[PDB]
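Working notes, beginning with the structure itself.
Whatever order the structure lists them in is the order used to number ligands and atoms, beginning at 1. Index from 1, following the sequence. These values consider heavy atoms only, across backbone and side chains, with no hydrogens, waters or symmetry-generated copies.
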Amino acid sequence: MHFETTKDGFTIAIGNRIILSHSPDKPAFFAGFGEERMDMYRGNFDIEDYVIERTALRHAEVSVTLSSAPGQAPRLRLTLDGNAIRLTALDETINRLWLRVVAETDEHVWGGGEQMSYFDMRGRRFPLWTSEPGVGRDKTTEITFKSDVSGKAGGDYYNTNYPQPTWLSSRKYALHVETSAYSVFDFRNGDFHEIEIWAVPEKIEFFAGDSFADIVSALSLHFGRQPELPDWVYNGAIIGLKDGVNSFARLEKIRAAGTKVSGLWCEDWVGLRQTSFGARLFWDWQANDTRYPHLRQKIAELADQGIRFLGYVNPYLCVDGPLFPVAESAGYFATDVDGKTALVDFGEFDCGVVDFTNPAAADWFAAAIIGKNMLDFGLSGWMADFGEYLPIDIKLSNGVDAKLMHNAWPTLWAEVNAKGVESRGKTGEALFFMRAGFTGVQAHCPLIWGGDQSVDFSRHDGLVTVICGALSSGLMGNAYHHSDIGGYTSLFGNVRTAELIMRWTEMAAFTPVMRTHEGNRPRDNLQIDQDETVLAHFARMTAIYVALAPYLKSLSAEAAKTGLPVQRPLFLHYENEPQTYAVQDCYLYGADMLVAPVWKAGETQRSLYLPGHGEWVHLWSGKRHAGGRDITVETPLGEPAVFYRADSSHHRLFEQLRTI
Ligand SMILES: O=S(=O)(O)C[C@H]1CNC[C@@H](O)[C@@H]1O
Ligand SMILES: [K+]
């Protein structure tokens, strides 16, 4: 950065780009004090602040100290240090800070973690607090209304399992706030962005470069990159079943249709806790002999067939399981204000929270559960779930306020998984996937999944939200994203259709990982093995995925070398084309393919903007289309709107896909 004096105050810039501007009349910082309410109900948060003070820091003295007015005691010190602005609270009573960053009227801003509704965040406000993302997520839909009424569970456009206080600006810089406190990105004003933080962050860090790609590279180096995808993934789809021993018979039927399979993922490897409300799992992280009486043998048999086995784990322990008394005896649970084990309500059962701030507890979970019970048992991967349910009234062994540990949790959890994996020498071979995140998850977690979508084509909780989650999380340095094929949440009569499964499968073939899921109510929802048309369509798309493996491998190698995500926004490679900047329902699958998933029912065609000044080749027909215009193509089931660059080095490969 470059600091510079002006008539009335100062500016801070990154090269050509003014970032902060301060004068008494147009101050950069405001400081104050609030009393928040943050009530948790089954991982949903009802958050409302009561602001008692918000006071402009109008007087700057030059390292810069800031006070409310001349002759008042300084409240904030700002120190420029390389690409960082370091902040020190001089008034210990501040628990609210607002920072204005200079903005241009037509500027776009992206990132914010994994955003599910809006990719370009301009014009709206985005609180950053990990939680349940919501069912429906749109106060105008009946699903959302019903979820709010029954369980405070509808959420809204800004809720996410993985927030992050980082943005990329169309002005060619990125900004990162180093804090785990609650924060908000307010992009509602034309002339400035405003950051609200419920703390004085240690620093704000900046990244700039001459391309957006270069900035994403630099961000990915800052947060940490992922290993390349393991070879075994490229064998096909990961088939999600939760049907006990019957899972194997159903897998055989799936394989008999020609489906290419890399793995069998059985989240019920620990037992099902079937309830009147849903087919839940038994949260005790060891193989269940009642549900899978020969599981060790079955894993070995599948391995001989070239199919891996994957499970399920989360960082909580159910009160009625055998691991709970072990963890409690050792003092490894978060505690309540009286020093007893704090129990969290997950609906049909209560759990303890393994306290990862206690190094012994974190080591125990990595060694006993990830190491012995999972990896040594023969798992090649798993869903590494949750991370969002830390309540703010719980006590942690490190003595740090739960208001600050809440957002840190997903990263601590990712690190426990990564340490277990590394302890067995399996980094880059074991594949675990997380839905929750925060700053730093990038370094530990090798694969994101989009969490729970409704089983529908809705705008704010259906298929299309996955694309937004992939694009946003990709710019934040998570190179690999995928989703549950066919979505997850079935409530209030909302159930899958054949069409939904097929469209979702079409997208998933052009992402790093194809994975199915029977969902929360398996017997109420269509599954890939239960309709012959769906199953044949699925098998065909898995053959397309396998044929594409050499190209996906090259993208994984690129991700390791340069940090660029596999699924990229159009603007990353077409910077001079304004119409690419807000597009969030299409992506570049590497530089050489363009994917425009169908995300509504009953569509026989798809319209999209084709970028560039060359030619794109339609994957299924071989017909050529000129870049630089809107086009419409036929998209019958099995033929998603996918194109490849005419000049691609992988053209011989892409030509073959037409034939399969
Ligand atoms: O029903 S359970 O809560 O036990 C398991 C679910 C948890 N969230 C993610 C889903 O994919 C799981 O099926
Ligand atoms: K959701």
Could you tell me whether ligand 1 has any atom less than 4.0 Å away from a heavy atom of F346?
no
Less than 4.0 Å is my threshold; does some heavy atom of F282 fall inside it relative to ligand 1?
no
Nearest to [atom], what protein heavy atom do you find, and at what distance?
{"atom": "atom 13 (O) of ligand 1", "answer": "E267 OE1, 2.5 Å"}
{"atom": "atom 11 (O) of ligand 1", "answer": "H517 NE2, 2.7 Å"}
{"atom": "atom 2 (S) of ligand 1", "answer": "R280 NE, 3.8 Å"}
{"atom": "atom 5 (C) of ligand 1", "answer": "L281 CD1, 3.7 Å"}
{"atom": "atom 6 (C) of ligand 1", "answer": "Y488 OH, 3.8 Å"}
{"atom": "atom 7 (C) of ligand 1", "answer": "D385 OD2, 2.9 Å"}

Ligand 1-proximal atoms of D484, by part, heavy-atom distance under 4.0 Å
neither
Pick one of side chain, backbone, both or neither for how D452 approaches ligand 1, counting any non-hydrogen atom pair under 4.0 Å.
side chain
Indicate yes or no for a side-chain donor-acceptor contact from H482 to the backbone of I448 under 3.5 Å, with no hydrogens or angles considered.
yes
Mind checking side-chain hydrogen bond (donor to acceptor under 3.5 Å, both in side chains) for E422 and listing every partner two or more places apart, or none if nothing turns up?
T427
Angle between ring planes, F356 versus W409, binned at 30° and 60°: parallel, tilted or perpendicular?
parallel
Test: [X] cationic atom under 6.0 Å from [Y] six-membered ring centre, within 45° of axis:
{"X": "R291", "Y": "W269", "answer": "no"}
{"X": "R459", "Y": "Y118", "answer": "yes"}
{"X": "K372", "Y": "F377", "answer": "no"}

Distance-only N or O hit between ligand 1 and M383, under 3.5 Å
no
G451 near the K ion (ligand 2) via N/O/S, less than 3.4 Å
no
Tell me, please, if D452 has any N/O/S atom, main chain or side chain, under 3.4 Å from the K ion (ligand 2)?
yes
Can you list the ligand 1 atoms lying under 4.0 Å from a non-hydrogen atom of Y312?
7 (C)
Considering the heavy atoms of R435, write down every atom of ligand 1 situated less than 4.0 Å from one of them.
8 (N), 9 (C)
Strictly by modelled atom types, are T141 and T144 linked by a side-chain donor-acceptor pair under 3.5 Å?
yes
Of all N/O/S atoms in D461, the name of the one nearest the K ion (ligand 2):
OD1
Can you give me the closest heavy-atom contact between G136 and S454, atom names plus distance?
N-OG, 4.0 Å
Which residues share a side-chain contact (heavy atoms from CB on, under 4.5 Å) with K426, sequence neighbours left out
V421, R424, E429, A430
Tell me whether the centres of the aromatic rings in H517 and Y488 are closer together than 6.0 Å.
yes
